[PDB]
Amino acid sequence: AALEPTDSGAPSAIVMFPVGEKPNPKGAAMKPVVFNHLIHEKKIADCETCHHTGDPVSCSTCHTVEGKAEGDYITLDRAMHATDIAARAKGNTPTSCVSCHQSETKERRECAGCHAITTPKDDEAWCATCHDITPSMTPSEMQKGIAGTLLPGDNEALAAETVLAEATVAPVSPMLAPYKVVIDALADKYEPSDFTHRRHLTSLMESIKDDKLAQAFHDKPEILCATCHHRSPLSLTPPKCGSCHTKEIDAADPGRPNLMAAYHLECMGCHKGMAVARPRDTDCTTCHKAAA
């Protein structure tokens, strides 16, 4: 039942609390975050990538909710979520939880296709992927974590309970969505684009099927459908692109591409993102045969 021990001597899993000096008797705070150090140290080889100062200590020893000189007044909020971290001319460039994860999406070919075109969503389910404590923690325990007085045994117990109770959401099967879609809304100079809908989603899914970071944040069964079917409720029958993207110019919606450009930008955007060899963006017949 015990969690697997780390090689490092860090706790296998640890509950991270909103550490600060301002009294917070009512526990006004996000849910604490249980961090799975085991999983992370197996994947990220350099301890100092994260522990950027070289010190094997809790980030909140320096980055408290309100900020303290040891962390150059960089707060807990900033240290955990910062998306725009400047490269340090000298020494280590720190990482945040959010910044490293986002990097994975851009630098790994299997992730960078979809993540070239996704409509970012940082909603409650996004926060909850990390702000994820077991319901068994009491207010009193929340207070001891804030105060640094929780005993390491209780931190372990809460952490283990939480990790043991996590479950990975399974993405809906590509069989529940079209096998192909004959995109013919605009057909004129070319024949329809016979989009291999199932072939596409199956392939994209297969390359990430065991990735623990994707599995944790792809956390609704239909969520991958939003990669293309964006800005509408998750659904097995989403609205057509052309319900929101007009064929002609739409100056009342300056940010929305017209329908041809919508297909081109989205289809070619992923192809570029994940370096798809064929079709190239300059290939004007592989996606749609020339009309008679």
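One-based numbering along the sequence shown.
Colleague: Of the two stretches 32-40 and 249-257, which shows the higher Cα B-factor on average in the entry?
Modeller: It is 249-257 that shows the higher mean C-alpha B-factor.
Colleague: Please compare 98-106 with 82-90 and name the stretch with the higher mean C-alpha B-factor in the deposited structure.
Modeller: Higher of the two, by average CA B-factor, is 82-90.
Colleague: Quiz for you: based on the deposited Cα B-factor, which of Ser140, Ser173, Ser193, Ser203 is highest?
Modeller: Comparing C-alpha B-factors across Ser140, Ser173, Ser193, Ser203, the maximum falls on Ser140.
Colleague: From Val182, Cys111, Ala147, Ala159, which pick has the Cα B-factor that tops the rest in the entry?
Modeller: Answer for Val182, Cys111, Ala147, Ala159: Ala147, with the highest C-alpha B-factor.
Colleague: Taking the chain's C-alpha temperature factors as the reference, tell me which third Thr129 falls into: lowest, middle or highest.
Modeller: For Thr129, the deposited C-alpha B-factor lands in the lowest third.
Colleague: Within this chain's modelled residues, let me know which third the CA B factor of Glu48 belongs to: lowest, middle or highest.
Modeller: Answer is middle: the recorded C-alpha B-factor places it there.
Colleague: Sorting by Cα B-factor within the chain, modelled residues only, which third would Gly9 end up in: lowest, middle or highest?
Modeller: Middle third, going by the recorded CA B-factors of the chain.
Colleague: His271's Cα B-factor: lowest, middle or highest third of the chain?
Modeller: Lowest third.
Colleague: Could you say whether, by C-alpha temperature factor, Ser58 belongs to the lowest, middle or highest third of its chain?
Modeller: Highest third - that is where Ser58 ends up once the chain's C-alpha B-factors are sorted.
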